[PDB]
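Below: one structure, written as structure tokens.
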Amino acid sequence: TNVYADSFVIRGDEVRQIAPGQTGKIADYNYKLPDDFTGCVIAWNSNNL
Amino acid sequence: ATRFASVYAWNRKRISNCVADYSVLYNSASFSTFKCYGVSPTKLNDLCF
């Protein structure tokens, strides 16, 4: 029905926090995913940019 | 601690008769891995042992 694309930059060690039910500085205070999340999480190393 | 024990002879310290503040540990963000089994990291500060 609709799709929402969210984008941001984080440390490689923080990508593991971008998942449903996660906690930590990013998941708690920056970007929280719901427990019943229905989307996809895509991430890549940007050390070149 | 300045020097840790060798894993074959892992050191153990009893913690007792004291008040803890696990939020200081979890929110330190100095740890690469912080995994809790059978107890939630966030609720850990609201419990007694």
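In the structure tokens, chains take letters A, B, ... by order of appearance, with residues numbered from 1 within each chain and ligands from 1 in the order shown.
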Inset, instruction - With a cut-off of 9 Å and counting only C-alpha atoms, select all residues of chain B in contact with chain A and give the selection as a PyMOL selection string. - result: chain B and resi 26-27+29+32+41-42
Could you write out that same residue set with N, CA, C and O atoms as a tab-separated table (two decimals), in the first residue's frame?
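File produced: selection31.tsv:
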chain	number	residue	atom	x	y	z
B	26	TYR	N	26.02	-1.38	30.81
B	26	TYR	CA	25.40	-1.50	29.49
B	26	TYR	C	25.48	-0.21	28.68
B	26	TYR	O	25.73	-0.24	27.47
B	27	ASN	N	25.27	0.95	29.32
B	27	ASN	CA	25.34	2.22	28.61
B	27	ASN	C	26.77	2.72	28.38
B	27	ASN	O	26.93	3.80	27.79
B	29	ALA	N	28.96	1.67	26.31
B	29	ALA	CA	29.24	1.58	24.87
B	29	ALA	C	30.69	1.24	24.56
B	29	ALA	O	31.12	1.37	23.40
B	32	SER	N	32.33	-4.52	22.75
B	32	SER	CA	32.04	-5.01	21.40
B	32	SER	C	30.92	-6.05	21.40
B	32	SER	O	30.19	-6.17	20.42
B	41	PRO	N	19.05	-7.45	29.23
B	41	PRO	CA	20.00	-6.39	29.63
B	41	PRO	C	19.36	-5.16	30.25
B	41	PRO	O	19.91	-4.60	31.21
B	42	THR	N	18.22	-4.71	29.72
B	42	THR	CA	17.57	-3.50	30.22
B	42	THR	C	16.84	-3.73	31.54
B	42	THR	O	16.87	-2.86	32.42
Inset, instruction - Please report, as number ranges by chain, each residue of chain B to which DSSP assigns helix (DSSP H, G or I) when run on this structure's backbone. - result: B: 7-9, 22-26, 43-46
Using N, CA and C atoms, can you write the selected residues to a file as a PDB file, in the first residue's frame?
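Final output, out.pdb:
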ATOM      1  N   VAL B   7      43.010 -17.743  30.238  1.00  0.00           N
ATOM      2  CA  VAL B   7      41.702 -18.393  30.141  1.00  0.00           C
ATOM      3  C   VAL B   7      41.700 -19.816  30.700  1.00  0.00           C
ATOM      4  N   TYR B   8      42.828 -20.531  30.637  1.00  0.00           N
ATOM      5  CA  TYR B   8      42.860 -21.867  31.234  1.00  0.00           C
ATOM      6  C   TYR B   8      42.689 -21.808  32.748  1.00  0.00           C
ATOM      7  N   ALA B   9      43.085 -20.696  33.366  1.00  0.00           N
ATOM      8  CA  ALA B   9      43.004 -20.471  34.806  1.00  0.00           C
ATOM      9  C   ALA B   9      42.153 -19.242  35.117  1.00  0.00           C
ATOM     10  N   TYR B  22      23.753  -1.867  36.857  1.00  0.00           N
ATOM     11  CA  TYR B  22      24.050  -2.441  35.548  1.00  0.00           C
ATOM     12  C   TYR B  22      23.856  -1.459  34.395  1.00  0.00           C
ATOM     13  N   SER B  23      23.081  -0.386  34.589  1.00  0.00           N
ATOM     14  CA  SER B  23      22.919   0.600  33.524  1.00  0.00           C
ATOM     15  C   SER B  23      24.239   1.284  33.191  1.00  0.00           C
ATOM     16  N   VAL B  24      25.126   1.426  34.176  1.00  0.00           N
ATOM     17  CA  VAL B  24      26.425   2.047  33.933  1.00  0.00           C
ATOM     18  C   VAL B  24      27.255   1.175  33.000  1.00  0.00           C
ATOM     19  N   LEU B  25      27.187  -0.141  33.192  1.00  0.00           N
ATOM     20  CA  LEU B  25      27.905  -1.085  32.344  1.00  0.00           C
ATOM     21  C   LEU B  25      27.328  -1.121  30.930  1.00  0.00           C
ATOM     22  N   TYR B  26      26.024  -1.376  30.810  1.00  0.00           N
ATOM     23  CA  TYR B  26      25.401  -1.500  29.492  1.00  0.00           C
ATOM     24  C   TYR B  26      25.481  -0.206  28.681  1.00  0.00           C
ATOM     25  N   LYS B  43      16.195  -4.880  31.713  1.00  0.00           N
ATOM     26  CA  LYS B  43      15.484  -5.184  32.952  1.00  0.00           C
ATOM     27  C   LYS B  43      16.417  -5.610  34.081  1.00  0.00           C
ATOM     28  N   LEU B  44      17.659  -5.970  33.751  1.00  0.00           N
ATOM     29  CA  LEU B  44      18.644  -6.416  34.734  1.00  0.00           C
ATOM     30  C   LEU B  44      18.815  -5.451  35.907  1.00  0.00           C
ATOM     31  N   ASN B  45      18.651  -4.146  35.680  1.00  0.00           N
ATOM     32  CA  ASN B  45      18.784  -3.165  36.754  1.00  0.00           C
ATOM     33  C   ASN B  45      17.570  -3.101  37.675  1.00  0.00           C
ATOM     34  N   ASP B  46      16.455  -3.729  37.300  1.00  0.00           N
ATOM     35  CA  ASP B  46      15.221  -3.727  38.078  1.00  0.00           C
ATOM     36  C   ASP B  46      14.994  -5.058  38.791  1.00  0.00           C
TER      37      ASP B  46
END
Legend entry - Surrounding residues of range 10-16 of chain B excluding itself and chain neighbours under 4 positions, 12 Å, only C-alpha atoms, as JSON, numbers by chain: {"B": [1, 3, 4, 5, 6, 20, 48, 49]}
May I have the selected residues written with N, CA and C atoms, as a compact mmCIF listing (two decimals), in the first residue's frame?
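Ended up saving to result-v8.txt:
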# COMPACT_ATOMS: atom_id res chain seq x y z
N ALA B 1 40.81 -3.94 35.47
CA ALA B 1 42.04 -4.54 35.98
C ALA B 1 43.17 -4.37 34.97
N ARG B 3 45.97 -6.36 34.46
CA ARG B 3 46.28 -7.64 33.82
C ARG B 3 45.19 -8.66 34.11
N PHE B 4 44.71 -9.34 33.07
CA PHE B 4 43.70 -10.37 33.22
C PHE B 4 44.35 -11.74 33.38
N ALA B 5 43.56 -12.70 33.85
CA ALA B 5 44.00 -14.08 34.00
C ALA B 5 44.00 -14.84 32.68
N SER B 6 44.87 -15.84 32.59
CA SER B 6 44.88 -16.74 31.44
C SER B 6 43.59 -17.55 31.43
N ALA B 20 24.03 -2.79 43.00
CA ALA B 20 24.57 -2.69 41.65
C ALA B 20 23.87 -1.61 40.84
N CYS B 48 16.82 -8.34 41.62
CA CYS B 48 17.73 -8.69 42.70
C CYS B 48 18.23 -10.12 42.51
N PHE B 49 19.43 -10.39 43.02
CA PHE B 49 20.06 -11.70 42.91
C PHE B 49 20.63 -12.13 44.25
Inset, instruction - Do a neighbour search on range 37-41 of chain A at 9 Å with only C-alpha atoms, toss out local chain neighbours closer than 4 positions, and write the hits as a list in words. - result: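 Once the nearby chain positions are removed, what remains is residues 3, 18, 19, 20 and 33 of chain A.
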Inset, instruction - Find the residues around residue 47 in chain A up to 12 Å (only C-alpha atoms counted), leave out those fewer than 2 positions away in its own chain, and share them as a list in words. - result: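 Contacts, in chain order: residues 9, 10, 11, 12, 44, 45 and 49 of chain A.
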Legend entry - Two-atom distance - CA of residue 16 in chain A, CA of residue 47 in chain B (Å):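 Computing it gives 26.8 Å between the two atoms.
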Inset, instruction - In Å, rounded to a single decimal, give me how far CA of residue 8 in chain A is from CA of residue 42 in chain A. - result: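 Distance reported for this atom pair: 10.9 Å.
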